[PDB]
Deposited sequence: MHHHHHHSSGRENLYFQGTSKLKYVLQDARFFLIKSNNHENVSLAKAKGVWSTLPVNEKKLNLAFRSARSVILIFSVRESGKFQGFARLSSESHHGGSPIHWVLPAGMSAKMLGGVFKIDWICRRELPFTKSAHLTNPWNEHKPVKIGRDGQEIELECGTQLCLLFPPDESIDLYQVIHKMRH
């Protein structure tokens, strides 16, 4: 069902995450972490304090798809076990809870434009681009349901 998903997305903030390689998105799905450049780190930390849910929507460049979406469970922090990202200078590490690990092709989101990026299709945007609430909600609802995830646990963190 989609009801707990909609509850998680109520009044959330959404950010587009653009990764240059699948290996980093795979690591993030396995370890429940993400790390970004300080300019995006500062924006995500502000959003995390300001909203019930901050949602990262991941896309690997060149792939033509989104790879899933996750909810920030923490602000960024330093001093963990070093994550062996594939680097192209990084900020802290955010803990994230995956909401959907399934892919969504760009062809399915072509009717969704992001007012905060000149109303360009939501697939278009720099890493860290905020996605307006309605566009981000509809985009998350387009993903195939991920039946491996139980949102009861995620709800217990709001």
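Unmodelled regions (deposited sequence positions with no C-alpha coordinates, counted from 1) are 1-17, 106-111, 182-183.
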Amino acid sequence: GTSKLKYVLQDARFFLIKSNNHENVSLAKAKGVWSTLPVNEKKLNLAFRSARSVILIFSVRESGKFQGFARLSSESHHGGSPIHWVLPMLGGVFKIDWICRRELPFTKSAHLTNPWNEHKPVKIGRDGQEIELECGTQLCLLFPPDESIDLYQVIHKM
From here on, numbers count along this sequence of modelled residues.
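For the two forms, the rigid core is made up of the largest set of C-alpha atoms that agree within 1.5 Å on superposition.
With each structure aligned by its rigid core, the stretch whose Cα atoms sit farther from this model in 8 other deposited structures of this protein, between 90-98 and 120-128, is 90-98. The higher RMS C-alpha distance to the shown form in 8 other deposited structures of this protein, out of 38-46 and 65-73, belongs to 38-46, with every structure fitted on the core. For the pair 112-120 and 36-44, the mean Cα B-factor is higher in 36-44.
Stretches 103-111 and 65-73 differ in mean C-alpha B factor, with the higher average recorded for 103-111. Ranked by C-alpha B-factor against the other modelled residues of its chain, residue 50 falls in the highest third. Ranked by Cα temperature factor within the chain, residue 137 sits in the lowest third according to the deposited record.
Sort the modelled residues of the chain by CA B factor and residue 28 lands in the lowest third. Per the deposited record, the Cα B-factor of residue 89 falls in the highest third when ranked against the other modelled residues of its chain.
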